[PDB]
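K.L.:
output the structure for:
(chains A, B, C and D, ligands or ions: 4)
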Amino acid sequence: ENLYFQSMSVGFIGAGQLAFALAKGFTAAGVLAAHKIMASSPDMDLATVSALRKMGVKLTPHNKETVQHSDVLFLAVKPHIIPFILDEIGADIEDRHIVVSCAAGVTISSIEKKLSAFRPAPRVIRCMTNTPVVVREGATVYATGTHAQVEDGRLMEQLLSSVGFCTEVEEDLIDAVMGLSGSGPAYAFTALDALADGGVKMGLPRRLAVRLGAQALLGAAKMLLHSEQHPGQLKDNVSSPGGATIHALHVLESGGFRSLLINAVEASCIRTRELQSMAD
Amino acid sequence: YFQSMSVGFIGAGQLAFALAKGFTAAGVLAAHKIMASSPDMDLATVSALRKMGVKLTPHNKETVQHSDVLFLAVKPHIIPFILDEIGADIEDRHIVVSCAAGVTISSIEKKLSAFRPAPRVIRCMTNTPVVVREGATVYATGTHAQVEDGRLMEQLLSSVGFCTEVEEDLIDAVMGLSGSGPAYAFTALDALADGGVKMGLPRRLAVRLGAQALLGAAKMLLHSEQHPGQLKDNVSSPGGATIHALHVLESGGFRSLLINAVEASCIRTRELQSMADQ
Amino acid sequence: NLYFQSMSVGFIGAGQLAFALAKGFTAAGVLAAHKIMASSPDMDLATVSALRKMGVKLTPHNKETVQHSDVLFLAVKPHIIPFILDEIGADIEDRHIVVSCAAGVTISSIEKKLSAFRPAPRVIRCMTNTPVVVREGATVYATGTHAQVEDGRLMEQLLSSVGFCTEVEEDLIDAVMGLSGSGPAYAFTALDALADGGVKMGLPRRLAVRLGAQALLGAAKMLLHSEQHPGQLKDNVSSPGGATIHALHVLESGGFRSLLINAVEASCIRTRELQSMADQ
Amino acid sequence: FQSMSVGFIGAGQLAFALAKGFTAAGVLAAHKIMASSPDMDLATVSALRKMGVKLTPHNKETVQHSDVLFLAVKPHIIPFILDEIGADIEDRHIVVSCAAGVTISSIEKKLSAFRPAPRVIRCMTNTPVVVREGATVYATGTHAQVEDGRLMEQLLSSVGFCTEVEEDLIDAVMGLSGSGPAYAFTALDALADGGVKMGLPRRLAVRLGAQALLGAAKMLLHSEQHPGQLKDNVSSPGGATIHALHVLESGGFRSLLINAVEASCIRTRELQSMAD
Ligand SMILES: NC(=O)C1=CN([C@@H]2O[C@H](COP(=O)(O)OP(=O)(O)OC[C@H]3O[C@@H](n4cnc5c(N)ncnc54)[C@H](O)[C@@H]3O)[C@@H](O)[C@H]2O)C=CC1
Ligand SMILES: NC(=O)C1=CN([C@@H]2O[C@H](COP(=O)(O)OP(=O)(O)OC[C@H]3O[C@@H](n4cnc5c(N)ncnc54)[C@H](O)[C@@H]3O)[C@@H](O)[C@H]2O)C=CC1
Ligand SMILES: NC(=O)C1=CN([C@@H]2O[C@H](COP(=O)(O)OP(=O)(O)OC[C@H]3O[C@@H](n4cnc5c(N)ncnc54)[C@H](O)[C@@H]3O)[C@@H](O)[C@H]2O)C=CC1
Ligand SMILES: NC(=O)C1=CN([C@@H]2O[C@H](COP(=O)(O)OP(=O)(O)OC[C@H]3O[C@@H](n4cnc5c(N)ncnc54)[C@H](O)[C@@H]3O)[C@@H](O)[C@H]2O)C=CC1
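P.N.:
Numbering: from 1, shown residues only, chains lettered A, B, ... in the order given. Ligands and ions are numbered 1, 2, ... in the order given. Right below this line is the structure:
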């Protein structure tokens, strides 16, 4: 790791929520010192830029400055901004750069087409991560581009593994991963807010209900990750005949609880596709 | 490390295994200092506890004589039969910790006080993730529990997850939230994985990613001073895929279903204990 | 202590919005009613009679409004704007700032029409709402190609006298219309229903309307003056096991949140589908 | 210049909201307010302390300090409180119960066992007193003087709207304006989500949505028009607003808000039937 990271500099095009989250996770993991990170944004009036600055992250309005001072370049902007970014800094991408795109629905092919008009063989990697990298429990996948070298995938695997789970996938899976684990934390925060409301309805202080609900979800998720058993079998171990849990599971089933979560993953994926067809 | 402490389990099922596995993984109890009892010595939970090093026996009275801290880990309608069987063996030294859903401290103390006054009783509400040391536990102290008794139980149960003392009248609501909560989460994880599979992910990857997302979000909330709505705002980029997905959850009344669940579990727990009383 | 001593304001159209702005501007003291002119082909409209009682100068002839005015508000229905611009385009001078309040109408479409008569028309696009009438409006504006920096600063100063006002990129304006432009109608519907609920439970209608409106006003003010998330302020009202958390559950059971999201989306979509029909 | 001493039994969300509102209005000095709680570790207690409010664990000290004594505890706590401090209520006291559902009759019954003629007023208010835009009603008890009702109207009018009602309206007011801020906070969160879905930054969507609701509410308070007529003035034919109003109607939006007021009122009544 020392060899990969000792003198590596990282740049963020964009200084929003994902840039802050990855920067916080990388520095908390100890892989990167905050001053070796640079972020650029046209609007300095954001709370994320303030948090990055108090972290010690170097800030600039000029994306070309971030490009000049970076080895690994994360594109942390909305999908529709990507092709305008590539036109802007494309003349500055050099052999040394690894361009890591975080946007969903922006293909490696389209990024490589843009950058290859300036210099052949751009090294491009697509990444799909989520905000819990900020506590080093992210869920990350990546796909390597046509010109990515052998050490490039291995470097990205080690970098993103320091802030959570990380595995290589074929590029065609990435938009579906966005619908599941990219959007997933928002599903979990909605559920935790509602579970806490349920606790409050039944008499619990709100502070206690939030803590218990979150701890229950965290523990159940860890249980599944550590067990070889199917989620339904773990559910069965918790639901005793005639008991409180099986009564509660019935009212979840009666509202189509499962189908709402399937609807959510699908809706996220569908939206990513229609954004992509607006560009393409 | 409580080295001088002998722990017993009346009942050798899912909860006894989860606690004993958690305790020994935390290093607070040695497996050989734990005894568990069940009338069926060929149960699969019994086998798992045996492979752990726990001492096992079919005689509930043997577990009582071995133990200082005695966990009641039987189903709720068995608690009265158990208290009658061993009540004469309860000694001054014993702390009786009932894990049974719905069973009140009053009903345990009344049954045991017929044999010996001032039984030391603690009521505990925990959940199965103690097995990976990420449980959510609350406890209430009884009439005759000393102060050190509550501090002792909090030390023990803090080693396998979050633990805090509550007034007893909150415990049925806690059961509806964190006691049944793992089952809500396993249902949600199965469904999120089906959604990933529908959109083209391999099942095994979808289960791993869905569970990791839920774990990471829960950890984010536990480590943050922010409202869960504010953390949700940070995922939801304007016009983006996430806010579109959240709309379809809202259109189905997702929030209300989870409130329904906590309510139903809490209400059933009260219903059952009303039948026990009368 | 703001007052525009050398500014003549004109309104093409003398309907709800012209009345609301003229009343807000005059109550703010930043304009005398006699320095305001409004035109409409219906001199027997109820809004025209109100403007006349304020002191506002009225005329049936749009050309007279243009000749009197420095700042010219286009306060007609969107499908009337192109006929307006053809009628008075030859009367636009260098001194004019043209401020379109019409829902959906793009700066591009206005500039194209006026530029046929005289190059470099100074155009600002504004999205406001009817509570400017009580000086609590919510307004955004976007500046056109030829609007000078002082033009936007001036309009911000003027529109800030009747409520909140900030500059936005033009492509946000249709979404603002769906939120704060249509928003007062959502609130009037909500206040009618809340009053019905109060009456069902035994309150006199006049009291229920007063309390419902006061509750909404107070809650909105709390949020504006707080750095807290609206979910956290809700938690402070929702005592465990109490009346409020029981009532919140029945709102959630009906999908209350999703209905308000549906509304904002439906307003914004309809605006875009109208402007597409106009552009084709 | 009345130099009133005010006490709160309970130092939670409503006690903080009222203390903040009263001191911001200038009617009370913070250090002339005393609040008591057995849990001296809440966020509300820390905020009261920072305001300069006097804090004590002992309800008797609050009673002895106060001229006007607010009962700002949960409804099921009120009879425990009246048993504890009933012997300390004096003829000079005005006892103002804020508790949802607790009747004047039950309060006077408890306190009359100690001194005859306890002066009792029941009030129903809401958290926006914190920004002096509260919605408050009050009802006077058997022994409250006419001056006692005038004083309470003067005091509560300093932090928002205030009017006297017959007591049998108070539980319905709770369902409308007492719980009402929670309905608005829910609506504002959802409207902001809708703004974000259509491409607005969250910070701007929150601000525009709240300003929209504030302005519309103020319009209705300053107008003699029916809310349906104000709605008609925003709704041009074929336009964006009337399309959005239709999707609200299709989901039964109106009935959800009626359901909420009713559910709050029913819960209040069923809690009181438990205590009784
Ligand atoms: N936030 C999340 O939960 C996750 C986000 N993503 C993706 O990551 C990307 C970034 O999302 P967020 O950080 O949430 O968004 P954001 O809106 O918080 O941040 C975007 C940033 O880009 C900046 N920006 C805009 N135009 C720019 C330009 N031309 N040059 C430089 N900077 C520019 C903005 O000023 C802002 O600082 C998006 O594609 C999103 O879909 C993917 C996974 C999770
Ligand atoms: N499993 C869970 O998710 C949680 C369980 N609990 C409570 O823990 C208690 C035990 O639950 P589980 O372990 O899931 O049950 P289980 O059904 O898995 O195990 C119960 C055990 O009691 C034994 N048993 C039955 N009759 C007995 C008797 N007369 N003497 C001794 N042992 C006897 C059975 O053989 C079995 O080993 C219940 O009261 C439940 O409410 C509490 C919170 C969560
Ligand atoms: N009313 C609202 O809630 C808001 C309205 N707007 C926009 O403001 C514009 C005007 O809306 P309102 O005042 O509500 O409409 P309105 O229907 O109340 O008034 C329209 C006025 O235009 C006049 N008019 C028609 N043809 C004309 C012509 N050829 N020359 C001059 N005047 C003519 C009519 O006589 C009438 O006085 C619309 O484009 C609407 O989208 C924007 C935001 C809020
Ligand atoms: N919070 C709101 O939005 C409104 C609340 N109310 C009513 O106001 C009352 C108080 O509500 P909140 O302040 O929101 O509740 P809360 O739970 O925030 O405050 C209750 C306070 O009472 C204290 N307390 C508990 N037992 C006590 C005792 N024996 N002696 C003294 N203090 C004790 C608690 O420590 C806490 O400080 C309730 O009856 C509620 O129905 C009425 C309308 C609006």
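K.L.:
quick check, the residue in the stretch 101-250 of chain A closest to ligand 1?
P.N.:
residue A:103 (3.4 Å; Cβ to the nearest ligand atom). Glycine gets a C-beta too; all of them are placed from N, C-alpha and C.
K.L.:
phi and psi next, for that residue.
P.N.:
Main-chain torsions, residue A:103, degrees, to the nearest 10: phi -70, psi 140.
K.L.:
so what's it up against?
P.N.:
Shown in contact with residue A:103 (Cβ atoms under 8 Å, 6 or more residues apart in numbering or on different chains): A:75, A:77-79, A:82.
K.L.:
recalculate using a threshold of 6 Å.
P.N.:
The neighbours of residue A:103, taking Cβ atoms under 6 Å, 6 or more residues apart in numbering or on different chains as the test, are A:79, A:82.
K.L.:
and if you look at residue A:2?
P.N.:
Residue A:2 neighbours (Cβ under 6 Å, 6+ apart): none.
K.L.:
could you look up the SS state of residue A:143?
P.N.:
Taken by DSSP: H, G, I helix; E, B strand; the rest coil, the conformation at residue A:143 corresponds to strand.
K.L.:
how much space between the residue lying closest to it once chain neighbours are set aside and residue A:265?
P.N.:
In this structure, residue A:143 finds its nearest non-sequential neighbour in residue A:171, 3.9 Å apart by Cβ to Cβ, 6 or more residues apart in numbering or on different chains. Look at residue A:171 and residue A:265: by Cβ to Cβ, to the nearest Å, they are 19 Å apart.
K.L.:
out of these two, which sits in the busier spot?
P.N.:
The neighbour comparison of residue A:171 against residue A:265 (other Cβ atoms under 10 Å in any protein chain shown) goes to residue A:265, with 32 against 15.
K.L.:
also compute the angle for the host helix or strand of that one relative to helix B:241-251, please.
P.N.:
Per DSSP states H and E: residue A:265 is located in helix A:257-279. Helix A:257-279 runs at 140 degrees relative to helix B:241-251, counting by axes from the mean of the first three to the mean of the last three Cα atoms, to 10 degrees.
K.L.:
quick one: residues in contact with helix A:257-279.
P.N.:
A:79, A:104-105, A:175-176, A:178-180, A:183, A:187, B:188, B:191-192, B:194-196, B:199, B:241, B:244-245, B:248-249, B:252, B:254, B:257.
K.L.:
mind running it again at 7 Å?
P.N.:
A:79-80, A:83, A:104-105, A:175-176, A:178-180, A:183, A:187, B:187-188, B:191-192, B:194-196, B:198-199, B:241-242, B:244-245, B:248-249, B:252, B:254, B:257 (Cβ atoms under 7 Å, 6 or more residues apart in numbering or on different chains).
K.L.:
what do you get for stretch A:170-181?
P.N.:
Residues outside stretch A:170-181 that contact it (Cβ under 7 Å, 6+ apart): A:104-105, A:108, A:126, A:128, A:130, A:139, A:141, A:143, A:169, A:265-266, A:268-269, A:272-273, B:192, B:195-196, B:199-201, B:206, B:209-210, B:212-213, B:241, B:245.
K.L.:
could you rerun that using 6 Å?
P.N.:
For stretch A:170-181, using Cβ under 6 Å, 6+ apart, the contacting residues are A:104-105, A:108, A:126, A:128, A:130, A:139, A:141, A:143, A:265, A:268-269, A:272, B:196, B:199-201, B:209-210, B:213.
K.L.:
list the buried residues in that stretch.
P.N.:
Buried positions in stretch A:170-181, judged by neighbour count with 16 or more other Cβ atoms under 10 Å in any protein chain shown: A:173-181.
K.L.:
ok, now stretch A:64-75?
P.N.:
A:65-67, A:69-70, A:72-75.
K.L.:
and residue A:241, that's in a strand?
P.N.:
No: under three-state DSSP, residue A:241 sits outside any strand and is assigned coil.
K.L.:
contacts only, for it.
P.N.:
By Cβ under 6 Å, 6+ apart, residue A:241 has no neighbours at all.
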